[PDB]
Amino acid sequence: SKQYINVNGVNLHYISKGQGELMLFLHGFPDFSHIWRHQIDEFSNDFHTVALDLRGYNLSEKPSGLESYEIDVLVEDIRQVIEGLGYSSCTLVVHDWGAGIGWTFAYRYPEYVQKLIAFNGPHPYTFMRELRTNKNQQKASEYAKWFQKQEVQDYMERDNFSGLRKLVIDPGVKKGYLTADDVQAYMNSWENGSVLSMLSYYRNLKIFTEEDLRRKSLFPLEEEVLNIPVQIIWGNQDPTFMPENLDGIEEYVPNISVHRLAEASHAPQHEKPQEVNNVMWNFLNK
């Protein structure tokens, strides 16, 4: 079913299926809960699978102002969602912006996270390392600076969301991992959501000045080490996050396993769902 939960001053929309321990999925930009459809179907016989629409996205509330999309706010959303659903912890599954938020949440509230499954997206510490030194990552991430510009909203929205279509729809249709119904669901999500809200996330990032690039973590953290069990599932062909993000990640996350897909790009979870699902099971069962 599809319904709402009131948390942290906003109404967030989510997809829910199954029963048992909570498996909470967090998407990133410019997707939404639907990106997790194959994992929802697979894991709902053994878990209560919940895929959240982040604030500003799809049917979730779209509060005004940049301050409404700061990391502390987003992290509190996640805390209240877990409790609101009736849980004290969950298996947290994350991607892209969802991973930026989710890693941060796991570090700050490790007691709320039984296990973490992270797809392509920034680890709080290794990402800053790569932004500082990795020329390929610097180029790959240049769009984040561009997203600061006012022209980007029009670029994304104009002509039936042409910018977003070219980013996500065209390759998914060409490669065959988006059906016509998937395309319609995405189009609906953009019509219902707010591109302004989506971009607002990026406009709070502190990765542009010299002093900010020197920070040890993407978002402020007390601890460098996360001790819970973690699984990374990573598409090697991702043009936005370079493979070196995974180098030495075990220094920050000692109990970690990494699976790299040679034939997947930014979003393995719906590009190669069977391979991904089997790795998730392997992790959850070991």
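Numbering starts at 1 and follows the sequence shown.
- Here 258 to 266 and 8 to 16 are compared by their mean Cα B-factor, and 8 to 16 comes out higher.
- Between the stretches 211 to 219 and 69 to 77, it is 211 to 219 that shows the larger average CA temperature factor.
- For the set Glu191, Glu83, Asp181, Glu157, the PDB entry assigns the largest Cα B-factor to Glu83.
- Set against one another, the Cα B-factors of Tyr177, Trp97, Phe161, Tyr112 in the record reach their highest point at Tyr112.
- When the modelled residues of the chain are ordered by their C-alpha B factor, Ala144 lands in the highest third.
- Sort the chain's modelled residues by C-alpha temperature factor and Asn120 lands in the lowest third, per the entry.
- For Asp31, the recorded CA B-factor ranks within the lowest third of the chain. Only modelled residues enter the ranking.
- The deposited CA B-factor of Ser44 belongs to the middle third of values across its chain.
- Among the modelled residues of its chain, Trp103 has a C-alpha B-factor that falls in the middle third according to the deposited record.
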